[PDB]
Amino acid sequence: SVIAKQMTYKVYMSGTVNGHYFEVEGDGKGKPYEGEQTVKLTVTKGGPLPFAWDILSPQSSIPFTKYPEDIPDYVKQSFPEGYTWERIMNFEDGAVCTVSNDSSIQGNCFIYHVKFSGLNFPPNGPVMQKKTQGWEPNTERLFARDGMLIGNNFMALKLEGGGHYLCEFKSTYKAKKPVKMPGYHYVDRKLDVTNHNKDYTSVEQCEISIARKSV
């Protein structure tokens, strides 16, 4: 396979949030067959960001998902040709983000190019006031349709003071060549910001992702 037991990745992300332009670059590493990975991000343009970092954390790596042998692994099969993904994030206060990725491979390093567009975040809401405290551990429902893998997730951000701020994800993963399609299944994830500087111009994230066929 072109996917080694230890791999690196490079992320080039750019976008807007309520009209504010930014660029981010990241250096990641992980164990694709263990579903373990980490990434170090730097804001390279438009920093310090005037919005919560948490809306960007799920946008910087599906090859690093642990798949049991009896569940086809859509994204690993897509390489070396690679894949793209598209995502809609619908927040409960009306904000909407559209995110797209292109993923390729060069040797032992995946290359991700990400475009992020977020808007209608209320100026006094938790994203513009930076009151979020990370995503709850979560489960993505996945199934195959028309050669694409479609995921849906009822996500939530923890808030300063104890509440939750809800977000619905719809993710569409598109392999660049046909692959063996999986059945109806789930992916459980833990995604955490494990380090950052005062203004989130440098951020470190760790993610564990494990696929399964229902409890």
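One rule holds for the numbers: they count along the sequence shown, beginning at 1.
According to the entry, the deposited sequence has 1 to 3 residues without coordinates between residue 60 and residue 61. If you average the C-alpha B-factors over 82 to 90 and over 69 to 77, the higher value belongs to 69 to 77. Once the C-alpha B-factors are averaged per stretch, 149 to 157 and 30 to 38 rank with 30 to 38 first. Reading the B-factor column for the CA atoms of 189, 170, 45, 174 in the entry, the top value corresponds to 45. Per-chain ranking of the deposited C-alpha B factor places residue 123 in the highest third. Annotation for residue 108: C-alpha temperature factor in the highest third relative to the rest of the modelled chain, per the entry. Ranked against the other modelled residues of its chain, the C-alpha B-factor of residue 100 as given in the entry falls in the middle third. Ranked by Cα temperature factor within the chain, residue 129 sits in the highest third according to the deposited record.
Sort the modelled residues of the chain by CA B factor and residue 18 lands in the highest third.
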